[PDB]
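# Structure assessment
Residues per chain are reported as follows:
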Amino acid sequence: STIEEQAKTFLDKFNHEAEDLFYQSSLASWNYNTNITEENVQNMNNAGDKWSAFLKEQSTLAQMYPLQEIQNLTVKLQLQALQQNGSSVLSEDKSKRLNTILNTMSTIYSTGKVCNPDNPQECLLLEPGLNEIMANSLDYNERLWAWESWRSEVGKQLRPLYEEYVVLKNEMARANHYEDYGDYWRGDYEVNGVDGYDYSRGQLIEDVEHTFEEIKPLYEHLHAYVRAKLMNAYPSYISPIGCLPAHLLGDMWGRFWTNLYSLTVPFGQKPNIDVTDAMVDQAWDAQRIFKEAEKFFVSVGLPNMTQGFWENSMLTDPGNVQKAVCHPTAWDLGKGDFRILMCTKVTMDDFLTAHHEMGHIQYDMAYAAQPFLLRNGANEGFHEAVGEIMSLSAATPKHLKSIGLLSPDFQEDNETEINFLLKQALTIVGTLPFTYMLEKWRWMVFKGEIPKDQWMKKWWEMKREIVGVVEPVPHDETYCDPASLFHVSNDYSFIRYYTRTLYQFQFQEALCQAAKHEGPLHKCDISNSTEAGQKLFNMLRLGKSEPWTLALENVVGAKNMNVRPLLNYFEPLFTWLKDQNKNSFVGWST
Amino acid sequence: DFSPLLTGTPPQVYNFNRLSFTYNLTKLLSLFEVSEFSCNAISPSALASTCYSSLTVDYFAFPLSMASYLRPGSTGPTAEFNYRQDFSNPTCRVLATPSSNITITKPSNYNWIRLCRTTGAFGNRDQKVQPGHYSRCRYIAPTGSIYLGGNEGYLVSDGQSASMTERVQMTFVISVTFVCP
Ligand SMILES: CC(=O)N[C@@H]1[C@@H](O)[C@H](O)[C@@H](CO)O[C@H]1O
Ligand SMILES: CC(=O)N[C@@H]1[C@@H](O)[C@H](O)[C@@H](CO)O[C@H]1O
Ligand SMILES: CC(=O)N[C@@H]1[C@@H](O)[C@H](O)[C@@H](CO)O[C@H]1O
Ligand SMILES: CC(=O)N[C@@H]1[C@@H](O)[C@H](O)[C@@H](CO)O[C@H]1O
Ligand SMILES: CC(=O)N[C@@H]1[C@@H](O)[C@H](O)[C@@H](CO)O[C@H]1O
Ligand SMILES: CC(=O)N[C@@H]1[C@@H](O)[C@H](O)[C@@H](CO)O[C@H]1O
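Residues numbered from 1 in each chain as written, not as in the entry; some residues may be left out. Chains lettered and ligands numbered in written order. Heavy atoms only, no water.

Structure determination for this PDB entry was carried out by cryo-EM, with a resolution of 2.94 Å recorded in the header.

### Some points on the environment of A:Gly404
To keep things clear, this is the line we draw: What counts as a helix is a DSSP run of H or I of at least four residues, what counts as a strand is a run of E of at least two, and both are numbered from the N terminus.
Tracing the chain through its elements places A:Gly404 in the loop between α16 (397–402) and α17 (414–428). For the pair A:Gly404 and A:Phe372, spaced 32 residues apart in sequence, the C-alpha to C-alpha distance is 41 Å.

### Overview of empty space enclosed by the protein
Note the cut-off: Think of a 1 Å grid over just the protein atoms. A cavity is a set of points where a 1.4 Å probe fits yet cannot get out, a pocket is an open set with protein on both sides within 12 Å along at least five of seven lines, and lining residues have an atom within 4 Å of a point. Grid points are joined across faces, edges and corners, and a volume is the space filled by probe spheres set on the points. The residue classification treats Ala, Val, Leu, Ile, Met, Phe, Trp, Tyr, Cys and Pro as nonpolar and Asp, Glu, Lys and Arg as charged. All others, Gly included, are polar.
Taken as a whole, the largest cavity spans an internal volume of roughly 100 Å³. Lining the largest cavity are B:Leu5, B:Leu25, B:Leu28, B:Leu29, B:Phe32, B:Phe37, B:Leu47, B:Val57, B:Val94, B:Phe172 and B:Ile174. Only α2 (25–30) and β9 (170–177) of chain B provide two or more residues apiece to the lining of the largest cavity. It is α2(B) that provides the largest number of residues to the lining of the largest cavity, a total of three residues. For the lining of the largest cavity, a count of residues per class yields eleven nonpolar, no polar and no charged. By volume, the second largest cavity amounts to about 90 Å³. As for the second largest cavity, its lining consists of A:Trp147, A:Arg151, A:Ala246, A:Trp253, A:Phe434, A:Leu438, A:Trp459, A:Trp460, A:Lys463, A:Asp481, A:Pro482 and A:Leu485. Elements with a contribution of two residues or more to the lining of the second largest cavity: α6 (140–153), α18 (432–446) and α19 (455–467) of chain A.

### Focus on the interface of chain B and chain A
Think of interface size as the accessible area that goes away when the parts come together; that is how it is often given. Condition: In what follows, a contact means two residues having at least one pair of non-hydrogen atoms within 4.5 Å. Joining two parts hides part of their accessible area as seen by a 1.4 Å probe, and the buried area is that hidden amount summed over both. One side-chain nitrogen of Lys or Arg within 4 Å of one carboxyl oxygen of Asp or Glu is enough to make a salt bridge. The definition of a polar contact used here is a pair of N or O atoms within 3.5 Å, where within protein one atom must be able to donate a hydrogen and the other to accept one, and adjacent residues in sequence count solely through side-chain atom pairs.
If you look at the interface, chain B gives 24 residues, while chain A gives 28 residues. Together, the buried faces of chain B and chain A total about 2000 Å²; carbon and sulfur atoms form 47% of this surface. When the area that chain B buries against chain A is broken down by residue, the three leading residues are B:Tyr69, B:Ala121 and B:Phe122, summing to 26%. Counting every contact that joins chain B to chain A gives two salt bridges. Its salt-bridge partner being A:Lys335, residue B:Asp158 comes within 2.7 Å of it at the nearest N-O pair. Run the count over chain B and chain A and you get 15 residue pairs in polar contact. Put simply, the parts of the chain that give the side of chain B that touches chain A at least two residues each are β5 (110–120), β6 (123–126), β7 (144–147) and β8 (154–162) of chain B. Looking at which element gives the most residues to the side of chain B that touches chain A, the answer is β5(B), with five residues.

### Comments concerning the packing of aromatic side chains
Here is the rule we go by: A pair of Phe, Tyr and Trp rings is counted when the ring centres sit within 6.5 Å of each other, with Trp represented by its six-membered ring. The angle between the planes then sorts it: under 30 degrees is stacked, over 60 is edge-to-face, the rest tilted. Any residue under 20% of the maximum accessible area for its type is buried, any over 50% is exposed, and the rest in between are partly exposed; the area is computed with a 1.4 Å probe on protein chains only.
For the structure shown, the criterion picks out 53 aromatic pairs over all chains. Their ring planes at 80° and their centres at 5.3 Å tell us that A:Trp441 and A:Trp459 sit as a pair that is edge-to-face. You can see A:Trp441 sitting in helix α18 and its partner A:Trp459 sitting in helix α19, a full 18 residues away along the chain. On the basis of relative accessibility, which here comes to 4%, the residue A:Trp459 falls in the buried class. With a centroid separation of 6.3 Å and an interplanar angle of 10°, the aromatic rings of B:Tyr23 and B:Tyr52 are classed as stacked. Of this pair, B:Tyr23 sits in the loop between β1 (17–21) and α2 while B:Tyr52 sits in the loop between β2 (36–40) and β3 (54–61), and the two are 29 residues apart along the sequence. B:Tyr23 sits in the partly exposed class, given a relative accessible area of 22%. Here a set of aromatic residues connected by ring pairs shows up, and it is made of A:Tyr162, A:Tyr165, A:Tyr178, A:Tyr181, A:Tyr184, A:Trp185, A:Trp441, A:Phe446, A:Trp455 and A:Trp459.

Written as structure tokens, this is what we have:
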């Protein structure tokens, strides 16, 4: 009759009724994605509606049991996630308005359309129209056009909608006992009630700022190197001591600098490692690639893939017999069902993607014994960080020399090491200032520190200061440049891509140290190292049952996010970048 | 006498019937269309030409297309929740189909426990099958649930079905201990 017992039996009933419904929804969605028809999509919507109705009904029923009386950590943690009202706090009119605003914003982003008056029938959309211009073109005027058109035809029309969305989201968050929507988003990293492991919502801002301050020298050197290299491609468009134009960053928003590798390659004579030809000549199908990934994970010490994974998951494109959305995804359907959905081709990128998605499934099989609400990563960045460390070791030439995909006489010298490190830093280091900037802007736009008449001024001031990126053409206050990004206009937190990048090298340093690896950290594979697999599994198996600080300490020995493992990874490149920037200016002038 | 093996409706894998004998295997396997004959720690020639302290033949109905789950070393759903081969003594797993000239009863379809776990407020504990024993979900198979009560919570059994072919496909797991021919 105790409140504890009532909460325990309520959670028993909820978990009994939620494993079946979630599995049904996952099966319907998987049947839709694998084979798109009109019946399958309708079944998917019916299953999703049923699951959402059950979730709402159980969430309203969950408020009967107070948190302060429950003593068990598992019961308390399930109840915490169960009583998050969210949009249900707002009135029916407010909830409908917010959902409509989100729907129109998402549709505007998805159907973004651009065409010059010269050809109204030759219109270009974002995917793959303007993406190709922003990723492959080398014309300053063409990229400037593709940038301004996308930010003035789509971003200009999301501005009032985004303002109303911000107002409604702040209303919902403050009515839900949060300071604003940014505080609600930061609530993922909050830990309370655990001695020595507590984490505050406002502590995340300070930690992110401190880690970025520690990152800043390496990013500044990389930015100076990239600016110097781009000066040879756009002689009369980049100043030596100035910022970088936003449209010359390899993609639409400058999120990643991956497509700048061709211009900024350190040693172009020496080619990078690509084992695609080796698997073409060795007749490596999708099954062989995924079995090699499974062998890697077994050698680490983790379990092999389930039998149902090898029969229920399709790894090749089925052809025209059934249309399939085969963006590479891992699927924890629930009830012990794990499936990878991707169109695997014979390519090193698909070879590393197999390891990446195999590592997402391993986390799910690790925490499959947890309650439904606790079956997730320790925080929002743990899952993708765990996925991203499996491709770090897979791409290592030692791993490629052990599976026969690379010649045993291949000469791994300092030039190839620097090329690989520069390629890694273009995608990894170059996205950290962007992510931190975007999240800071959103955080203190939600906080009300930036008035709606200062949104575009403050955003571009952040771009020049934090990121060292200058707008090609001034923008007044009808544009919404942040809304031009998928995550901003589709209501997705962006800090998960910062902490992950700091977690990913924290695990890799911790695992490699457990693997007794000697030498540079970037040349490390955790293959045949059970001592690292055990440390990884001891965190993976927890799920959300333990605080993310405790889960972090279980592997890295530290309770907090750290950057020294990240800077140790790029240590060979940092010295080379510093030597290469002796005759150039490091830093940008605003 | 292997008459009950050949007479009567074959049970589902979760409800397999074990026949222990304490013989002429050439005749017994002659009227089954043996598709796979996987003998572990014993030759396929010596099983019918050796005296045994005790002989056990576990027989049940299971589709040939799903036989990969009953193979040794298989893990996950449908692989550890219906039947587990006992490798303590030498074994012989035979996936066969009775011949046309012999009449066998045809059940409704193929039924098995995809997953028999124990869900509740503290997680989901999988109730895997011990070698030679049952799934603890045998009486609620293929799909069902009961309330054990307490920390365990609900005993959830998730099943699967397959449209059975024109003739039943049956699995025989023969185990011997160290019964003369
Ligand atoms: C080739 C094939 O077997 N397709 C099946 C079939 O039930 C149907 O064509 C459709 C649903 O109506 O999609 C799948 O479920
Ligand atoms: C435990 C708790 O904080 N519940 C709140 C409270 O505002 C109220 O009990 C109800 C709204 O009517 O649901 C939640 O919003
Ligand atoms: C991690 C944890 O809190 N466990 C407790 C503990 O009392 C026990 O392990 C079990 C009940 O027997 O479940 C919870 O109540
Ligand atoms: C990013 C980039 O410019 N890549 C170029 C491009 O011509 C193409 O993507 C490919 C050729 O097949 O490789 C490089 O030559
Ligand atoms: C990464 C590693 O050390 N692998 C070793 C190596 O001898 C080989 O790649 C293979 C032999 O089958 O497996 C392990 O013994
Ligand atoms: C590559 C791989 O995972 N093999 C597994 C492993 O448990 C073991 O090698 C053997 C069992 O005897 O067969 C499979 O079950």
